[PDB]
Protein chains: 10
Amino acid sequence: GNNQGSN
Amino acid sequence: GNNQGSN
Amino acid sequence: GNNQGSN
Amino acid sequence: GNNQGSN
Amino acid sequence: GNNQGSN
Amino acid sequence: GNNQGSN
Amino acid sequence: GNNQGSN
Amino acid sequence: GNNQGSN
Amino acid sequence: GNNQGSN
Amino acid sequence: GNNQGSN
């Protein structure tokens, strides 16, 4: 799996 | 902001 | 903002 | 599965 | 699975 | 911001 | 900011 | 698995 | 900022 | 696994 986030 | 993910 | 995902 | 969101 | 989010 | 992921 | 991940 | 985040 | 990861 | 974060 892959999880990517940006704020 | 909030980013949450699960695999 | 909020982003939530699940697989 | 794929989950994508943007705010 | 893939989870991607941006705020 | 907050980024959280789990595989 | 906070970044947290687990594999 | 991969977890990536940026604030 | 805080960065935390576990494998 | 890989965990990467930046603040």
# chains A, B, ... in the order shown; residues from 1 in each chain; ligands from 1
$ residues_around --residues "residue 5 of chain H" --least-positions-apart "4" --cutoff "7 Å" --atoms "only C-alpha atoms" --output "MDAnalysis selection string"
(chainID A and resid 4:6) or (chainID F and resid 3) or (chainID G and resid 3) or (chainID J and resid 4:6)
$ atom_distance --atom1 "atom CA of residue 1 of chain C" --atom2 "atom CA of residue 1 of chain F"
9.6 Å
$ atom_distance --atom1 "atom CA of residue 7 of chain D" --atom2 "atom CA of residue 7 of chain G"
26.4 Å
$ select_by_dssp --residues "chain A" --states "strand (DSSP E or B)" --output "short mmCIF file (atom, residue, chain, number, x, y, z; two decimals) with N, CA and C atoms, in the first residue's frame"
data_model
loop_
_atom_site.label_atom_id
_atom_site.label_comp_id
_atom_site.auth_asym_id
_atom_site.auth_seq_id
_atom_site.Cartn_x
_atom_site.Cartn_y
_atom_site.Cartn_z
N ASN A 2 0.17 2.32 -0.45
CA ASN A 2 0.74 3.65 -0.49
C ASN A 2 -0.21 4.65 0.15
N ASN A 3 0.33 5.52 1.01
CA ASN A 3 -0.38 6.65 1.62
C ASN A 3 0.49 7.87 1.36
N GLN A 4 -0.12 8.90 0.79
CA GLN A 4 0.52 10.16 0.52
C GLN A 4 -0.39 11.33 0.91
N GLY A 5 0.11 12.32 1.66
CA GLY A 5 -0.68 13.51 1.95
C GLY A 5 0.14 14.77 2.01
N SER A 6 -0.49 15.90 1.71
CA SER A 6 0.16 17.16 1.77
C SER A 6 -0.77 18.21 2.28
#
